[PDB]
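Taking it in order: structure first as structure tokens, then the write-up.
Note that we place each Cβ from the backbone using ideal geometry, even for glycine, and neighbour counts take in every protein chain shown. Read the figures in this text as sums done on the coordinates, not as results from a lab.
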Amino acid sequence: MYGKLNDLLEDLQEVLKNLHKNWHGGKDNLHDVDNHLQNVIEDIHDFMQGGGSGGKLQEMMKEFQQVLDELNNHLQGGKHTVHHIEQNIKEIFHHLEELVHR
């Protein structure tokens, strides 16, 4: 049953696109950061179906948030970006940890 939670996860990954233009410089350095995120989306997507559920969202969660670390720690005068990505991502763990812990 658990799987549609992904529909909410998508926003996060797409929210990063903005982060790239306001994390510090461009996408070049973010590519290595959002890579963690994007790579996590699958770890989470493949999780929704019990491919490591109730256990990966704890250590993997920080993996999607860490992306906003390099970013949030270098808001290159573009808080408005991350603000939208942090409110989304930081609010992602909710619909995330809320799924397995529902």
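Residue 58: in a helix (DSSP H, G or I), crowded, with 20+ Cβ neighbours inside 10 Å and either touching a strand residue (DSSP E or B) at 6+ places or on another chain (Cβ under 7 Å) or polar (S, T, N, Q) (or both), yes or no? So that I can check it myself, show each step before the final result.
Numbers: in a helix (DSSP H, G or I): yes; crowded, with 20+ Cβ neighbours inside 10 Å: no; either touching a strand residue (DSSP E or B) at 6+ places or on another chain (Cβ under 7 Å) or polar (S, T, N, Q) (or both): yes.
Taking the combined requirement at face value, the residue does not satisfy it.
Take region 12-31 and flag every residue that is in a helix (DSSP H, G or I) and surrounded by 15 or more Cβ atoms within 10 Å (Cβ to Cβ). Break it down stepwise before answering.
Residues of region 12-31 in a helix (DSSP H, G or I): 12-20, 31.
Of everything in region 12-31, those that are in a helix (DSSP H, G or I) and surrounded by 15 or more Cβ atoms within 10 Å (Cβ to Cβ) turn out to be 12, 13, 15, 16, 18, 19, 20.
Answer yes if at least one residue in region 74-82 is at positive phi and either exposed (fewer than 14 other Cβ atoms within 10 Å of the Cβ) or assigned to a helix (DSSP H, G or I) (or both), and no otherwise. Before the answer, list the steps.
Applying the first criterion (at positive phi) to region 74-82 yields 77.
Now drop any that are not either exposed (fewer than 14 other Cβ atoms within 10 Å of the Cβ) or assigned to a helix (DSSP H, G or I) (or both), which leaves 77.
Scanning region 74-82 turns up at least one residue that is at positive phi and either exposed (fewer than 14 other Cβ atoms within 10 Å of the Cβ) or assigned to a helix (DSSP H, G or I) (or both).
Condition first: in a helix (DSSP H, G or I) and touching a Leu at 6+ places or on another chain (Cβ under 8 Å). Now tell me which residues in region 32-47 satisfy that. Give the derivation first.
Taking region 32-47 as the starting set, the residues that turn out to be in a helix (DSSP H, G or I) are 32-45.
Of everything in region 32-47, those that are in a helix (DSSP H, G or I) and touching a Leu at 6+ places or on another chain (Cβ under 8 Å) turn out to be 33, 34, 37, 38, 41, 44, 45.
A quick yes/no check of all residues on (1) of a type in the set (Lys, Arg); (2) buried (at least 18 other Cβ atoms within 10 Å of the Cβ); (3) under 11 Å from the mean Cα position of the chain (by Cα); (4) over 25 Å from residue 100 (Cβ atoms):
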| position | (1), (2), (3), (4) |
| --- | --- |
| 38 | no, no, yes, no |
| 49 | no, no, no, no |
| 53 | no, no, no, no |
| 62 | yes, no, yes, no |
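Hey, among 98, 63, which residue is closer than 15 Å to residue 3 by Cα and without any contact (Cβ under 8 Å) to a residue 40 or more places away in the chain? Reasoning before the result, please.
Numbers: 63 fails: closer than 15 Å to residue 3 by Cα.
Criteria check complete, one pass: 98.
Kindly provide the set of residues from region 13-33 that are under 15 Å from residue 83 (Cβ atoms) and of a type in the set (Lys, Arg), ordered by number.
Scanning region 13-33 gives 17, 21.
Checking residue 86 against (1) closer than 28 Å to residue 102 by Cα; (2) in contact (Cβ under 8 Å) with a residue 40 or more places away in the chain; (3) touching a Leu at 6+ places or on another chain (Cβ under 6 Å), which test does it fail?
So the condition that residue 86 fails would be (2).
Can we say residue 50 is part of a loop (DSSP other than H, G, I, E, B), at positive phi and of a type outside the set (A, V, I, L, M)? Before the answer, list the steps.
Details: part of a loop (DSSP other than H, G, I, E, B): yes; at positive phi: yes; of a type outside the set (A, V, I, L, M): yes.
The answer is yes for residue 50.
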